[PDB]
Amino acid sequence: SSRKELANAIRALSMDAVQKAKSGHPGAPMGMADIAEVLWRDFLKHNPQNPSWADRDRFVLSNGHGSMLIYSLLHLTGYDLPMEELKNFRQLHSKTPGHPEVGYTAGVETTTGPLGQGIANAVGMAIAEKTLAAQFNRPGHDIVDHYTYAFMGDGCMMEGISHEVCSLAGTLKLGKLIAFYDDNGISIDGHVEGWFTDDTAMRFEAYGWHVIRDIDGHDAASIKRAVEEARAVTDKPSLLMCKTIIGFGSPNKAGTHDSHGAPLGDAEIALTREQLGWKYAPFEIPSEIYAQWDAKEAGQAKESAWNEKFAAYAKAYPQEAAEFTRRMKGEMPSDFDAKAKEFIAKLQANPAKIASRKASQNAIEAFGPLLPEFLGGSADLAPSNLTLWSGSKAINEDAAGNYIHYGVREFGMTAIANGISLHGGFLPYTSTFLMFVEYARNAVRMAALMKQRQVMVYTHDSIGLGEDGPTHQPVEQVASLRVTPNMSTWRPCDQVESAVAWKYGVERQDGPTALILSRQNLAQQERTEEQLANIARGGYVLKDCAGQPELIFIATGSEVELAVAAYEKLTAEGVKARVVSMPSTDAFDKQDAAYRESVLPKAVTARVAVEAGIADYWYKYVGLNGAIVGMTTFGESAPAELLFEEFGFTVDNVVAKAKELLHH
Amino acid sequence: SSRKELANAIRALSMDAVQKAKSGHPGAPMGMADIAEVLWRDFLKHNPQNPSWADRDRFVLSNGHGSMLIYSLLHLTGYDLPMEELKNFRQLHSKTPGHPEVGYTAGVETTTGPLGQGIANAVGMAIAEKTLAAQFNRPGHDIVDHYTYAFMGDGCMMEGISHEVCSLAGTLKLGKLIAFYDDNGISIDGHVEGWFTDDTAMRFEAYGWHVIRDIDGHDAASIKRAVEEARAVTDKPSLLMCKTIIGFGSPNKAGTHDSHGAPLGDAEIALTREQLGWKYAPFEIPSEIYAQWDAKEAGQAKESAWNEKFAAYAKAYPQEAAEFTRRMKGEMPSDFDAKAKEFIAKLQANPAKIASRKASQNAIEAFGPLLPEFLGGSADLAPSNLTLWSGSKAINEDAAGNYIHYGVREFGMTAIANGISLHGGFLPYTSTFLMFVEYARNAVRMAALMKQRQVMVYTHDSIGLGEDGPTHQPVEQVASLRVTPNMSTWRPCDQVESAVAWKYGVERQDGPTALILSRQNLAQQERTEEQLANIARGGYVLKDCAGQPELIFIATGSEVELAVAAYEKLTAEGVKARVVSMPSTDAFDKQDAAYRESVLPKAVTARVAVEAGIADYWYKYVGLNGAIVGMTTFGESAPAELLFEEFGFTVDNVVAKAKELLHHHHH
Ligand SMILES: COc1ncc(C[n+]2csc(CCOP(=O)(O)OP(=O)(O)O)c2C)c(N)n1
Ligand SMILES: COc1ncc(C[n+]2csc(CCOP(=O)(O)OP(=O)(O)O)c2C)c(N)n1
Ligand SMILES: O=C(CO)[C@@H](O)[C@H](O)COP(=O)(O)O
Ligand SMILES: O=C(CO)[C@@H](O)[C@H](O)COP(=O)(O)O
Ligand SMILES: [Ca+2]
Ligand SMILES: [Ca+2]
Ligand code: NA
Ligand code: NA
């Protein structure tokens, strides 16, 4: 068959699957099919029989609404994605959700949809390949060597995150990153000139990319030559400016916004079949077309050749090969748990009053030698977030390093780190001031949705940061993290809880962990062995009474010391008081009911929550018959001590609120 | 005095104020002082005695950590910002907070700090000036004519939001926007080449800006020439790339990251005075330097001339002049309240089962003729968010229009709209799918912090959107808005609540209002006159029983219909039940204790919340002895009706959960 006919198989499957679902996006798949045919058939290195092959090329669809493009490609090339799944596009529990999801579908590398994040993930995958190659390749043994290809459209280009990640990709000279821009002139509001007029090629040259202008995206020869040129440029990422017609093939809807996001309609599909010369019924693909698209034979040959290369590497570099396998599987060192517990015990035995930002740095220092998979960084806040340890080596200085200077790019950093975690081989950590989680907020959500391990180091957690004032002082950010599905959030009260939280984060296998860390020094609490072991349960009894409590304080982070002081004053008066430290609500909620009852007995309604964050969260644990010593407003610019007084974080106020609650 | 001596007054006040506070940022004020001296003394059109003059130039410090720069300028030029306030930099309830805050300080135009948002606000101020000029100027009467000047640094340039807003500024040919880039080579991690290597000039060329390269930012004559050039270019925004030395004047810290964000130290300040030739003690400024910096006489003259221009305009164009004054003051038309109430009453009397996105469009259509100040838009989702009405006119087509095609730029859109609201003359509305509030999330917070009026139209609010799936289906986003100080969030259950929420939003002068709107059609509920009036109280009794209820359902948005159906089933079985519609938790919480008790009586603990959003929020209203029919997970890609079934939003499940709750209460 001709290359145009092979590409038209994508067009047919895509328009027909959208039509059957009565939902979805035919335009971009139809517009990009010729580009996809060249990339996938002539260049992409992959094995449909093993989508997890460590050295495969990675493909990312940043314009993820065009999901039928990737489903068509996966089906045609021989992945485990049968025609009946394409006939179930957008249907409950199918392998073909409306935007592609990692884990749902063989061969999907990332979850896209939210514009701009796919290209960010691709930048992270390319950073991962470059760094892993530098760490593991040896003379005569280049076990890491693969490309990262991304498709993206006008939406991704308009989004700010594209500026963040493509600027950084230029600095890092990511020569194996090749992006294809679907330059079709159309967005949802219509012809893009009314709102998008950049000289995109000039912009990307300003980032230090190699840019190929004016590619005819409907001409295989033009596309193929451009990809060859891009592959030959090894010191710069490449952008291929592909001029396409959205909805290519449709007489009446090609080149129109109408083709973006609704079924074409039966009559228009019939006219499109006529225009394309496509004679096959919906969901019919002839054996000649499968034979030319199928990648099983070539893919298995390429993966087998790589396996033989890896076996030879392992004979010359046995310890390195074992590390490669461990890290690509995402497994932890066998002795990590024991060594981390030893560190935690040493902290409990040797008290220190330090900020939890510093306790975090100390945990990175302790873990660093044990976790060569770390690939950490901060968004231009290394000396403030405290993300460097003695063994940090920045990848802009040493490609085999373990640290990224992300610049002032919080959203891009977080979505890059999602690509790093998706790639395999690394454990990313990212960092900024907690307030600026709001810049990165949807990438944090995406880490949780995609079940990715990433430690998110968020310092300067409250009014305790002081004079920088209300634009910087978090109030409501922790509450929002706490209610995000699959997110783990820890607000440690001292250096011991900080180390436990770090351990919890690195040991997660199926989602991210946010650490909520202080600028100001935090006192260390005394703990029994049982209490020390129970920090990891997220909530535990720190101070107690004999018998059933009359009053329970629930406190987190920097406010535990305040709650303890109130407990001491009320205990001396003869109140049966308790203090619960709640560093992680999510870990606590996952405990068994007997444990939760032992900490927060259901019969004890006189509960006082104490936290320098938004009060409304705490109704979850205090109900309607308790009290909350929290924030209800933005902060103010002043020294931290005076802010804690101004906002009621005083022993007198905590005691008064407890007494008012006990007097009923 | 020489220009350098006058600039050195800024350097002295800035380093000394930081030193006294033992906190703050001396580097950027010291690096930009010469640029500021030229801009403020030779070009800026302003009156220190009236910071609210409608036609003043607007200045924005996007690198807001350099707050002592703006406090020095305001003090030296004669604003009501006494030296004692500079001595109280970063102290509780001073007029000199660590990052500048609009409202705290005479002459501060916006609250900055969070990088990139100041340049976005400036783009919005420049859009506002261009649009207002096109709407109001008449032949011989150019009553709107002012510049927007912004300072920004490497951090703002790295941030994605700068790409969004500067790309759009290029499309809109904002010739009165002039930005100065503090190109000093330093960020917090050190020398920026390790992480920031853009050819920034070429980037801005790609946006359609007029770029002036390689300006010596310590040479007044060079700066002045560059500003003159930028003013002469009327068809492009301008970027002045000013090469500066961070901490200029400090022998040991100039050009270093150490100068960014800590006091220089007393010993270093002494050496800096010696290098600069600045002899005056901390907080000392001689009368001769005030005489050269003061802007009161020139500012009076400029505003007086403008007032005479406006008087001539008002004689020739009396109705237009009255509209200009009304809109610049942020006042509403005198008949708006009555006309909006008439619309709301007509909707209650004439049911329609439509999506609340459509009810929103219908409210825009109804209000549009009454509110010529609207300056609305969507982030490339006009046909989905339903933000156009018959009178919309995009400003890229006609500069006197009322609508902005923002493109796929949610964060930039929202921070531009903050600039629009700060400028005066307009009532902005912005729009995207609710999920993508997460892209714009800190700009929403900034609108709340700055007490700005903006209506945020967030459609596709739940799993009810269907097949687009979990990356698009909000779950926890509304709860995040609900816990934001000074935010107002409305999740209307029908077209009537939607119109009430729109009215509330446009009439809310001291903060923003988010509308949480459905893709799918919503049933209209029956209401008495009192219930209709009670929608605006945020939470109200929609269905009731005689005597104390056994059970109270609390529901919002699309789930009110489900809660009412469950109420009807249980009522028919003899259960004493009540339904509370809670379109706005923030408005409900602001009602007095007696009203809140009347809706959610403390004696009734068997409370069932029903909302297709994160369950954990609802403990606030149901306590520990109730039930929540909510989401606890991400969504799924499927038809909406199957998702509602899958996730338990069915009459059978709500009734079962309510009966299970009652069984537990009884035993
Ligand atoms: C912030 O994140 C975000 N915001 C909005 C949308 C909705 N949306 C999908 S596509 C597109 C605009 C056009 O995107 P574009 O790639 O040009 O596509 P085609 O129409 O296929 O050419 C828009 C506006 C999204 N998915 N993600
Ligand atoms: C997302 O929002 C955000 N993130 C981080 C910061 C902290 N910060 C202030 S400044 C700067 C980096 C350097 O900013 P830059 O203008 O080059 O300054 P100078 O050091 O004065 O040259 C950084 C990193 C902020 N305020 N806002
Ligand atoms: O610019 C910033 C914050 O935006 C920093 O310079 C801080 O203002 C001070 O840093 P720390 O002393 O809190 O680490
Ligand atoms: O691209 C998008 C959403 O990201 C749109 O095309 C929607 O997928 C369909 O729009 P509505 O029918 O919900 O308005
Ligand atoms: Ca497009
Ligand atoms: Ca700088
Ligand atoms: Na290349
Ligand atoms: Na100009």
Side-chain angles (χ1 to χ4, degrees), chain A residues 25 27-28 31-32 63 65-66 115 151-158 181-192 196 242-247 255-257 259-261 355 357-358 378-386 407-408 432-433 435-436 459-461 464-469 471-473 517-520 637 640, chain B residues 18 21-28 31-32 63-67 90 98-99 112-115 151-158 181-192 196 242-247 255-263 380 407-408:
Chain A
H25 301 79
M32 297 203 83
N63 46 346
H65 54 275
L115 290 161
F151 284 5
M152 65 196 294
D154 297 292
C156 296
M157 288 293 187
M158 280 181 262
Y181 170 36
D182 195 29
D183 187 355
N184 66 17
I186 292 292
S187 69
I188 288 174
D189 280 3
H191 292 283
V192 301
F196 186 36
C242 297
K243 181 172 194 163
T244 66
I245 301 167
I246 194 176
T256 74
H257 69 88
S259 70
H260 161 79
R357 63 168 177 176
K358 187 76 186 84
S378 169
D380 196 49
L381 287 168
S384 184
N385 296 152
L386 304 180
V408 188
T432 182
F433 297 146
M435 181 61 70
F436 308 129
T459 72
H460 295 62
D461 70 323
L465 70 84
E467 290 89 336
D468 281 342
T471 67
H472 281 54
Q473 293 157 343
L517 303 165
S518 73
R519 186 184 193 236
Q520 76 280 16
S637 176
Chain B
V18 169
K22 298 183 172 174
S23 179
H25 301 80
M32 297 201 82
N63 44 348
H65 56 274
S67 54
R90 285 172 172 259
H99 294 85
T112 59
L115 290 161
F151 284 3
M152 66 196 294
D154 298 293
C156 296
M157 287 292 187
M158 279 182 263
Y181 171 36
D182 197 28
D183 187 355
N184 65 17
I186 292 293
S187 69
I188 288 174
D189 279 3
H191 291 286
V192 300
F196 185 36
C242 299
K243 305 294 173 278
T244 66
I245 302 167
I246 194 176
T256 75
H257 70 87
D258 306 63
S259 72
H260 161 78
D380 196 49
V408 189

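Order of listing sets the numbers, starting from 1, for every ligand and every atom in it. The chains referred to below are lettered A, B, ... by the order of the sequence lines, with proteins before strands, and numbering in each begins at 1. Just so it is clear, the values below take in all heavy atoms, side chains as well, and ignore hydrogens, waters and symmetry mates.
Rounding to 10 degrees, one finds that the Ca ion (ligand 6) sits at the corner of an angle of 90° between B:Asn184 OD1 and B:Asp154 OD2.
For A:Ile186, the nearest N, O or S atom to the Ca ion (ligand 5) falls under 3.0 Å.
Below 30°, between 30° and 60°, or above 60°: for B:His260 and B:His65 the angle between ring planes is between 30° and 60°, a tilted geometry.
Across every non-hydrogen atom of A:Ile188 and B:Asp380, the tightest pair is N-OD2, 2.9 Å. The shortest heavy-atom contact between B:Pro114 and A:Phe436 is CB-CE2, 4.0 Å. The minimum heavy-atom distance linking A:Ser378 with A:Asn385 is given by the pair OG-OD1, 2.7 Å.
Ligand-side atoms of ligand 3 in range of A:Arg519: 11 (P), 12 (O), 13 (O), range being under 4.0 angstrom from any heavy atom. Taking a cut-off of under 4.0 Å to the non-hydrogen atoms of A:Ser384, the atoms of ligand 3 that pass are 10 (O), 11 (P), 14 (O). Close approach to A:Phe433 involves these atoms of ligand 3, each under 4.0 Å from a residue heavy atom: 3 (C), 4 (O).
The shortest side-chain heavy-atom distance between B:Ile186 and B:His191 falls under the 4.5 Å cut-off. Contact check for A:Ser384 versus A:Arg357: side-chain heavy atoms found under the 4.5 Å cut-off.
Ranking the protein heavy atoms by distance from atom 1 (O) of ligand 3 puts B:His260 NE2, 3.1 Å first. In terms of protein heavy atoms, atom 4 (O) of ligand 3 is closest to A:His472 NE2, 2.7 Å. In this structure, the protein non-hydrogen atom closest to atom 7 (C) of ligand 3 is A:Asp468 OD2, 3.3 Å.
Between the choices B:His65, A:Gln520, B:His257, B:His25, the shortest heavy-atom distance to atom 2 (C) of ligand 3 belongs to B:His25. For atom 13 (O) of ligand 3, the candidate residues are A:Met435, A:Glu467, A:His460, B:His99; the nearest heavy-atom contact is made by A:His460.
Side chain of B:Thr244 to main chain of B:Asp182: no donor-acceptor pair is present (N/O by atom type, distance under 3.5 Å, no hydrogens or angles).
With a 4.0 Å cut-off on non-hydrogen atoms, A:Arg357 touches ligand 3 through its side chain and not its backbone.
The six-membered or imidazole ring of A:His472 lies near that of B:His99, with a centre-to-centre distance under 6.0 Å.
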